[PDB]
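Undergrad: Below you'll find the structure I mean.
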Amino acid sequence: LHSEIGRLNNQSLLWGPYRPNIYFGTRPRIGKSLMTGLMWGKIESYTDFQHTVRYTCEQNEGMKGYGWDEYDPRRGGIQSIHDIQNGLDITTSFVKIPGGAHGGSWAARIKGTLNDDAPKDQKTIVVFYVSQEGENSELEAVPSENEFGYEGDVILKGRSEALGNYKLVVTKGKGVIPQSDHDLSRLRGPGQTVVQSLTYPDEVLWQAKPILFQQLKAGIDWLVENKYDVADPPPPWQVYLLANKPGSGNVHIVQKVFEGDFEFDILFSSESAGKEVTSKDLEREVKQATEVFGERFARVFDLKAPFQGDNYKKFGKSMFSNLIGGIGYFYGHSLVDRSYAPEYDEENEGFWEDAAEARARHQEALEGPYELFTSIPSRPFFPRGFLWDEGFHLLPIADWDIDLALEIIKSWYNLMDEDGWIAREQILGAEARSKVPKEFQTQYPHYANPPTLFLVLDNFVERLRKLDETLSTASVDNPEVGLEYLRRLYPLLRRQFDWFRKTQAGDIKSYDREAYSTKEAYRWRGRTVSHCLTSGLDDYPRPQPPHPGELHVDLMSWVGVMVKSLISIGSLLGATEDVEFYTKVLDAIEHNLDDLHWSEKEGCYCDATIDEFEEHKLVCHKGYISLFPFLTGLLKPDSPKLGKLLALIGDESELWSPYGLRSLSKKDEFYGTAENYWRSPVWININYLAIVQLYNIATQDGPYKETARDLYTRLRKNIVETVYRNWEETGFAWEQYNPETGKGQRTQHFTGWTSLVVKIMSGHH
Ligand SMILES: COCCCCCCCCCN1C[C@H](O)[C@@H](O)[C@H](O)[C@H]1CO
Numbered sequence: 036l037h038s039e040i041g042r043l044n045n046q047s048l049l050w051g052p053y054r055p056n057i058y059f060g061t062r063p064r065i066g067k068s069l070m071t072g073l074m075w076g077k078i079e080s081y082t083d084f085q086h087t088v089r090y091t092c093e094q095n096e097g098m099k100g101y102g103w104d105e106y107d108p109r110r111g112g113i114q115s116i117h118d119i120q121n122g123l124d125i126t127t128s129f130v131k132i133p134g135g136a137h138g139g140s141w142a143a144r145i146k147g148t149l150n151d152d153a154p155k156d157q158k159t160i161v162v163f164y165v166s167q168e169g170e171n172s173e174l175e176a177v178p179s180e181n182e183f184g185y186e187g188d189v190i191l192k193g194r195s196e197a198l199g200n201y202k203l204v205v206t207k208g209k210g211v212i213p214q215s216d217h218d219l220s221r222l223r224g225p226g227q228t229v230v231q232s233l234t235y236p237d238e239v240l241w242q243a244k245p246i247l248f249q250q251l252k253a254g255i256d257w258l259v260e261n262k263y264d265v266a267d268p269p270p271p272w273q274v275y276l277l278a279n280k281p282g283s284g285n286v287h288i289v290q291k292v293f294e295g296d297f298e299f300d301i302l303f304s305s306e307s308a309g310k311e312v313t314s315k316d317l318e319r320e321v322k323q324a325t326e327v328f329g330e331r332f333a334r335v336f337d338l339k340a341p342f343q344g345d346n347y348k349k350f351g352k353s354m355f356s357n358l359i360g361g362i363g364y365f366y367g368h369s370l371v372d373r374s375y376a377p378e379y380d381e382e383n384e385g386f387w388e389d390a391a392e393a394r395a396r397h398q399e400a401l402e403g404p405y406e407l408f409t410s411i412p413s414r415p416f417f418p419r420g421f422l423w424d425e426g427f428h429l430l431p432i433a434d435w436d437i438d439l440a441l442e443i444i445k446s447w448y449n450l451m452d453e454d455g456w457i458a459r460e461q462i463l464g465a466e467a468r469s470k471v472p473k474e475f476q477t478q479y480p481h482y483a484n485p486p487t488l489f490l491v492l493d494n495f496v497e498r499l500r501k515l516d517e518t519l520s521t522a523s524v525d526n527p528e529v530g531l532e533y534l535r536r537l538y539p540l541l542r543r544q545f546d547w548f549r550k551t552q553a554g555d556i557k558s559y560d561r562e563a564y565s566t567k568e569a570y571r572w573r574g575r576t577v578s579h580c581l582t583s584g585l586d587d588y589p590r591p592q593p594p595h596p597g598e599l600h601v602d603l604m605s606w607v608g609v610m611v612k613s614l615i616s617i618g619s620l621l622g623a624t625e626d627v628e629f630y631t632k633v634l635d636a637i638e639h640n641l642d643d644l645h646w647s648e649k650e651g652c653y654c655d656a657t658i659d660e661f662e663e664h665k666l667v668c669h670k671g672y673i674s675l676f677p678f679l680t681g682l683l684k685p686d687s688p689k690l691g692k693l694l695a696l697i698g699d700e701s702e703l704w705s706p707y708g709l710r711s712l713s714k715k716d717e718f719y720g721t722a723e724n725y726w727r728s729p730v731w732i733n734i735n736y737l738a739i740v741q742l743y744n745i746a747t748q749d750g751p752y753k754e755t756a757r758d759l760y761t762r763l764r765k766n767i768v769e770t771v772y773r774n775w776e777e778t779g780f781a782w783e784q785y786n787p788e789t790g791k792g793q794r795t796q797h798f799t800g801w802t803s804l805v806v807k808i809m810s811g812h813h
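In structure tokens:
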């Protein structure tokens with residue numbers, strides 16, 4: 036029944052619009068298979084279309100905004116795109132229709148409406164691009180009846196081992212098709228839907244834009260060769276309309292030109308399912324998905340006061356739908372330096388120069404292929420898996436669909452190597468690499484990232500202790529299924545725990561250091577003079593200079609998180625020998641947090657280093673790092689230390705801004721310096737941890753119950769209102785928020801952990 040829920044999950048999740056790096060496209064969760072993507076652009080001249088055409092996600096002045104209004108990867112959703120450059124409001128609806136043995140069928144409607152500013156007679160070129168990777172597979176456009184192209188629907192018939200037999204239809208659509216009265220129309224037709232069927236080596240099929248443009252370019256060269264010239268030139272839209280040549284191939288380009296508003300459907304029919312999908316099915320299934328989305332949201336994300344209003348509901352739906360709508364499937368090789376050069380041990384003073392020397396050996400090589408099914412922080416800027424981000428992403432997603440979240444956790448853990456390492460940043464395949472300067476592709480087996488995926492596991496454990517409907521909660525509702533999941537995952541968690549303690553160990557013994565335990569002390573590897581990228585808090589101030597004797601209190605707290613999880617999970621699996629070891633580790637971290645990291649003088653936790661005179665010194669920089677044992681749930685609710693931490697949190701002159709907690713205190717010497725990334729701005733992920741911890745203390749007997757209640761109430765409100773106000777005014781989630789002005793800044797479309805706001809509004813932690 037665990038093998039069974041698994042198969043049912045696989046079949047349900049197989050198809051999706053799982054290409055968030057592009058405006059709209061589909062692919063199944065199979066490395067080498069059938070992919071689609073949409074392109075569009077206005078054409079006003081002989082040279083403009085190359086600049087107007089849209090394919091991969093971006094954000095600039097030419098794009099008002101875009102995103103998912105509604106989304107559930109089992110059912111589908113509706114995306115809306117507000118394109119200024121192209122004077123178009125576009126809607127792409129996607130729906131899955133279960134049936135057969137190959138993961139079912141799906142349909143999409145593409146709808147374009149010119150905005151008020153666009154010329155009423157705008158010509159827009161629209162391309163549906165279809166590619167198929169695999170050695171023993173086939174795809175063929177059924178030729179037209181007409182001589183120059185298609186009056187009606189374009190049918191592609193194809194087959195592969197993975198998908199069996201299928202048909203993909205691009206429907207005729209609705210809208211004016213311009214007609215050219217030029218001489219060229221005698222050889223090219225007056226204007227109609229066209230299809231080119233081509234083949235390239237599999238590994239380049241993702242390059243849809245260059246491949247399209249190469250075909251457009253060949254058509255223009257034919258014009259020149261055949262005496263079509265500036266003395267009497269065809270209209271632009273006809274110059275850029277491909278000559279029809281349907282056939283067999285692994286690439287099929289379907290092109291339409293419309294004048295004014297337009298729409299057309301894409302109908303994927305899995306043959307093994309029986310009756311093929313129609314446009315009427317699409318409409319019915321689209322209405323039904325919306326109804327189901329609506330019912331689930333109201334239930335799962337029941338927004339509490341003072342955010343019960345309709346405005347907050349629309350806001351929460353946008354934030355949530357963009358988070359879960361970012362889910363992608365990525366496949367291909369990763370770039371990894373497997374030299375384990377000794378310079379990477381960072382055991383000496385000045386280690387960063389040595390590590391630079393090793394990296395300059397460039398021993399990195401491609402390995403894999405790997406796959407990953409994950410949500411992402413940023414469609415336009417970094418559409419790929421980041422390890423500690425995903426832990427936050429899955430917190431609202433798990434509420435919605437725990438089986439989906441567990442599927443993503445599993446996907447991430449399947450990347451763990453033999454030592455216990457998962458690369459913190461997952462750049463899988465040439466397509467993912469295209470978006471990443473080469474200097475930034477290499478992953479390093481000594482670089483960690485916070486184990487926030489344990490927080491998701493913690494939530495599932497609590498739920499376990501206490515057809516698409518059934519599927520989403522099968523792993524909690526059948527306790528047998530849940531436990532088997534944990535049983536199979538558990539050794540990997542254990543392995544990652546051991547990996548942290550082996551590779552990210554700090555040095556107690558070599559120095560004049562005294563502490564309850566000789567073992568518990570941690571130091572993030574990979575730090576440079578101005579950064580610590582592995583911790584997640586890029587440029588938060590750390591001991592200067594970096595030093596092999598540094599200890600990082602956030603890292604110790606994360607190990608605290610993992611060991612607590614391993615206690616709950618080990619206990620469920622009856623790993624008595626394991627649970628006893630974990631229990632002594634936790635006790636030791638509890639003591640060493642105080643012994644190595646507590647500053648009585650400052651009233652907070654601090655990272656530690658080793659002096660010019662070889663002595664332990666605390667280095668205090670009041671901000672998120674200072675709060676870490678509190679943020680990660682490690683302190684007792686009557687701890688006097690927790691009480692001082694609450695004072696720091698609520699202190700307006702330190703961390704407390706009207707817009708949320710500042711990443712660094714206004715009193716710190718490093719406040720608003722350098723790139724000022726984590727040196728003052730309000731970040732939603734850390735604020736979320738604070739809010740959740742305040743609520744815990746607020747809902748429990750103790751001396752700080754009422755302080756916590758007040759801070760909970762205000763912080764929740766301040767964070768939610770800041771994200772809402774910015775969303776209302778800009779249409780975006782932002783990466784971080786200015787604590788002086790309240791403005792969203794850095795990158796837009798950050799959904800992304802900013803989307804945690806849905807769960808903050810929902811409350812009842
Ligand atoms: C150098 O430039 C070339 C590469 C550019 C792309 C860099 C990837 C963007 C990272 C964004 N972001 C920075 C946060 O401090 C991290 O905590 C967070 O995990 C990460 C992902 O959301």
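With the deposited numbering applied, the sequence shown corresponds to residues 36 to 501, 515 to 813, in that order.
Beta carbons are placed, not taken as given, at the ideal position from N, Cα and C, and that holds for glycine.
1) Between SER195 and the rest of its own chain, which residues show a CB-CB distance below 8 Å, the 5 nearest in sequence each way excluded?
2) Would you check if the distance between the CB atom of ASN526 and the CB atom of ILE40 is smaller than 8 Å?
3) The beta strand (DSSP E) that contains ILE125, what's its start and end?
4) In the DSSP assignment, the beta strand (DSSP E) including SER304 goes from what residue to what residue?
5) Is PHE780 near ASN774, with beta carbons less than 8 Å apart?
6) On a Cα-Cα basis, can you pick out the residue from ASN744, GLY800, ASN56 and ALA722 that is closest to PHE365?
7) Taking 8 Å as the cut-off, decide whether the C-beta atoms of residue 819 and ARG373 are in contact.
8) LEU407 and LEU463 - do their beta-carbons sit closer together than 8 Å?
9) Are there any heavy atoms of ligand 1 lying less than 7 Å away from the beta-carbon of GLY426, as far as the coordinates show?
10) Can you tell me whether DSSP reads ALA340 as helix, strand or coil?
11) From the DSSP output, in three-state form, read off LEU537 for me.
12) Under three-state DSSP, which class holds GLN748?
13) Verify the contact flag: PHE718, CB atom, against every heavy atom of ligand 1, threshold strictly below 7 Å.
14) Going by other Cβ atoms of all chains shown within 10 Å of its Cβ, with 16 needed for buried, is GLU776 buried or exposed?
15) Where do the N-terminal and C-terminal ends of the beta strand (DSSP E) with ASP655 fall, by residue?
16) Check this for me: beta carbons of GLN227 and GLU186, under 8 Å apart or not?
17) Rank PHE293, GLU320, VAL211 and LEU191 by C-alpha distance to the C-alpha of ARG109 and give the top, closest one.
18) Going by the C-beta, is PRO412 closer than 7 Å to any heavy atom of ligand 1?
19) Identify whether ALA756 lies in helix, strand or coil by the three-state DSSP scheme.
20) Does DSSP put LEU276 in a helix, in a strand, or in coil?
21) Starting from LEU712, follow the beta strand (DSSP E) in both directions and report where the run begins and ends.
22) Do the stretch 750 to 769 and the stretch 795 to 808 meet, that is, are 3 or more Cβ pairs less than 8 Å apart?
23) Does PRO236 pass the burial test, meaning 16 or more other C-beta atoms within 10 Å, or should it be called exposed?
24) Assign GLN273 to one of two classes, buried (16 or more other C-beta atoms within 10 Å of its C-beta) or exposed (fewer than that).
25) Going along the chain, which unbroken runs of the beta strand (DSSP E) with 3 or more residues stay wholly within the stretch 578 to 662?
26) For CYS668, which residues from the same chain have a beta carbon less than 6 Å from its beta carbon, with the 5 sequence-adjacent residues on both sides left out?
27) When the Cα of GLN478 is compared with those of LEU515, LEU581, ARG543 and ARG536, which residue comes out closest?
28) Inspect the CB distances between the stretch 597 to 606 and the stretch 672 to 687 and report whether three or more fall short of 8 Å.
29) For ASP546, which three-state DSSP category applies?
30) Please state the DSSP three-state secondary structure of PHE350.
31) Just the C-alpha distance for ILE301 and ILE190, rounded to the nearest angstrom, thanks.
32) Since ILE457 and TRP447 are thought to touch, with beta carbons under 8 Å apart, how far apart are those beta carbons, to the nearest angstrom?
33) For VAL165, which residues does DSSP report across the bridge?
34) For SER38 and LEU49, I'd like the C-alpha separation in whole angstroms.
35) What is the DSSP secondary structure of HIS368, counted as helix, strand or coil?
36) Since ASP124 contacts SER353 with CB under 8 Å, what's their CB separation in whole angstroms?
TA: According to the data block:
1) As a working mapping, residue 195 is identified with position 160 in the sequence shown. Answer for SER195: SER68, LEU69, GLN167, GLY169, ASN171, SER172 and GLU173, listed in chain order.
2) Counting from 1 along the sequence shown, the entry for residue 526 is found at position 478. Counting from 1 along the sequence shown, the entry for residue 40 is found at position 5. Cβ distance < 8 Å, so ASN526 and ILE40 count as in contact.
3) Here the question's residue 125 lines up with position 90 in the sequence shown. Run containing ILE125: 123 to 132, per the beta strand (DSSP E) assignment.
4) Within the sequence shown, residue 304 is the residue found at index 269, counting from 1. Element bounds for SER304: 286 to 305.
5) Position 732 of the sequence shown, counted from the first residue, corresponds to residue 780. Position 726 of the sequence shown, counted from the first residue, corresponds to residue 774. Yes; because the gap between Cβ atoms is below 8 Å, this pair is in contact.
6) Along the sequence shown, read from residue 1 onward, the residue named residue 365 stands at position 330. For the residues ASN744, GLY800, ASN56 and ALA722, the minimum Cα distance to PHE365 belongs to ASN56.
7) Residue 819 is absent from the structure shown; the chain starts at 36 and stops at 813.
8) Counting from one through the sequence shown, the residue named residue 463 turns up at place 428. Counting from one through the sequence shown, the residue named residue 407 turns up at place 372. Result yes, Cβ atoms of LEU463 and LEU407 sit closer than 8 Å.
9) Stepping through the sequence shown from its first residue, residue 426 is reached at position 391. No; taking the cut-off as 7 Å, the Cβ of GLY426 has no heavy atom of ligand 1 nearer than that.
10) Residue numbering aside, residue 340 sits at position 305 when the sequence shown is read from its first letter. The answer is coil: DSSP assigns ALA340 none of H, G, I, E or B.
11) The sequence position of residue 537 within the sequence shown is 489, counting from 1. Three-state result, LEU537: helix.
12) The residue given as residue 748 occupies position 700 in the sequence shown. DSSP places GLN748 in coil when its eight states are reduced to three.
13) Sequence index remark: in the sequence shown, residue 718 carries index 670 (1-based). No, the Cβ of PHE718 stays beyond 7 Å of every heavy atom of ligand 1.
14) In the sequence shown, the residue the question calls residue 776 occupies position 728. The C-beta of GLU776 has fewer than 16 other C-beta atoms within 10 Å across all chains shown, which makes the residue exposed.
15) Position 607 of the sequence shown holds residue 655. Its beta strand (DSSP E) spans residues 655 to 658.
16) Residue 227 sits at position 192 when you count from the first residue of the sequence shown. Residue 186 sits at position 151 when you count from the first residue of the sequence shown. Closer than 8 Å, so yes.
17) Residue numbering aside, residue 109 sits at position 74 when the sequence shown is read from its first letter. Of the listed residues, the one whose Cα sits closest to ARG109 is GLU320.
18) Along the sequence shown, one-based indexing puts residue 412 at 377. Answer for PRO412: yes, Cβ within range of ligand 1.
19) Counting from one through the sequence shown, the residue named residue 756 turns up at place 708. If DSSP states are grouped into helix, strand and coil, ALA756 belongs with the helices.
20) What you label residue 276 is simply residue 241 of the sequence shown in a count that begins at 1. Residue state, collapsed to three classes: coil.
21) Residue numbering aside, residue 712 sits at position 664 when the sequence shown is read from its first letter. Looking at the DSSP string, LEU712 is not in any beta strand (DSSP E), and its letter there is neither H nor E.
22) The answer is yes - the stretch 795 to 808 touches the stretch 750 to 769, with three or more Cβ pairs under 8 Å.
23) Within the sequence shown, residue 236 is the residue found at index 201, counting from 1. Looking at its Cβ environment, which holds fewer than 16 other Cβ atoms inside 10 Å, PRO236 is exposed.
24) If you number the sequence shown from 1, residue 273 lands on position 238. Its Cβ being crowded by 16 or more others within 10 Å, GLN273 is buried.
25) Secondary structure remark: continuous beta strand (DSSP E) runs of at least 3 residues inside the stretch 578 to 662, in chain order: 655 to 658.
26) Taking the first residue of the sequence shown as 1, we reach residue 668 at position 620. Only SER647, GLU650 and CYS654 meet the Cβ criterion.
27) If you number the sequence shown from 1, residue 478 lands on position 443. Taking only the C-alpha atoms, the option nearest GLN478 is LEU581.
28) Taking 8 Å as the limit for Cβ pairs, the verdict is that the stretch 672 to 687 does touch the stretch 597 to 606.
29) Taking the sequence shown and counting its residues from 1, one reaches residue 546 at position 498. Looking at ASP546 - three-state DSSP - the assignment turns out to be helix.
30) Against the sequence shown, residue 350 aligns to sequence position 315. Reduced to three states, the DSSP call for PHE350 is helix.
31) Taking the sequence shown and counting its residues from 1, one reaches residue 301 at position 266. Taking the sequence shown and counting its residues from 1, one reaches residue 190 at position 155. Roughly 10 Å separates the two Cα atoms.
32) If you number the sequence shown from 1, residue 457 lands on position 422. If you number the sequence shown from 1, residue 447 lands on position 412. At roughly 6 Å, the Cβ-Cβ gap stays under 8 Å, so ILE457 and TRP447 are in contact.
33) Stepping through the sequence shown from its first residue, residue 165 is reached at position 130. Bridge partners of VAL165: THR71 and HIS287.
34) Numbered from 1 along the sequence shown, position 3 holds the residue referred to as residue 38. Numbered from 1 along the sequence shown, position 14 holds the residue referred to as residue 49. If I take the Cα positions, the gap works out to 16 Å.
35) Here residue 368 refers to the residue found at position 333 when the sequence shown is read from its first residue. Here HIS368 sits in strand by DSSP.
36) Here residue 124 refers to the residue found at position 89 of the sequence shown. Here residue 353 refers to the residue found at position 318 of the sequence shown. With 8 Å as the limit, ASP124 and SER353 do not qualify as a contact, their Cβ atoms being about 16 Å apart.
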